[PDB]
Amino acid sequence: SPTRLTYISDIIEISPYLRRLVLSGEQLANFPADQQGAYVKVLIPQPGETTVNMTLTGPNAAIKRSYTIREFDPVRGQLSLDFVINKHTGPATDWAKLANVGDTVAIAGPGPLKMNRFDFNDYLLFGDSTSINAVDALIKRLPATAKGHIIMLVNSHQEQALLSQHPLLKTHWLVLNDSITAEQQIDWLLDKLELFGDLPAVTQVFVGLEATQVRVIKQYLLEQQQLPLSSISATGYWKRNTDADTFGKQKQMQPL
């Protein structure tokens, strides 16, 4: 896929921890129209710089980070991405918090879609503010008859509106704050799992969460609920105390 030069045409705060950037430009005119919930790699300039180049490796290559397509309107040729802000420090979140309309942004991708099948009727969808737009994309493709649960960790009640309604899927939300420890988050996730009891054997599961959360949920599903591996689409979106490049190489060595 060709790297594309885009322009920020709008910025909107969605919550105190989530900033939507709307990208525009003639380079998006032929962007693929079927990739909601897929990710792109955003090139991030060095702090206090604005330019990036096409160098692949070494000290002059741009930092790259993965962000989910919230919306691509082909009539309008505009791409929306929702960046978590004010929860951590790193090149992309820092850059996103300070970005302005008219700034240019180079993007690559989209990357290969890793997502569940849309044709079943039993689902658990686990996500957080980093994966919420992948969860939304999946919900909007499921049959109206699909039963199950949506289980989300968000940084603000305001983020809940990002998920499509669905007639039957039941939502469960935990709004995070600094008093809720990593262990308590895992306890909450496992508490929800146990509350679902014996899962239908045909249940399909999406997980897009922090790396250890993914490990715990996946192991529970495989060993306690005995779901087939093929029924789980699990991705570690981020990992505590680990930058994206380090994390990427960890996942290459040992996939989740």
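A residue's number is simply how far along the shown sequence it sits, counting from 1.
Comparing 180-188 with 161-169, the higher mean C-alpha B-factor in the PDB entry belongs to 180-188. For the pair 146-154 and 126-134, the mean B factor over Cα atoms is greater in 146-154. Reading the B-factor column for the CA atoms of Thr235, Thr246, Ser15, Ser9 in the entry, the top value corresponds to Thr246. Highest CA B-factor among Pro228, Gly208, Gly37, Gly197, as stated in the entry: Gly197.
Ranked by Cα temperature factor within the chain, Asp82 sits in the lowest third according to the deposited record.
Annotation for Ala106: CA B-factor lies in the lowest third of the chain's modelled residues. Split the chain's modelled residues into thirds by C-alpha temperature factor. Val75 is in the highest one. When the modelled residues of the chain are ordered by their C-alpha B factor, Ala96 lands in the middle third. Ranked against the other modelled residues of its chain, the C-alpha B-factor of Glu26 as given in the entry falls in the lowest third.
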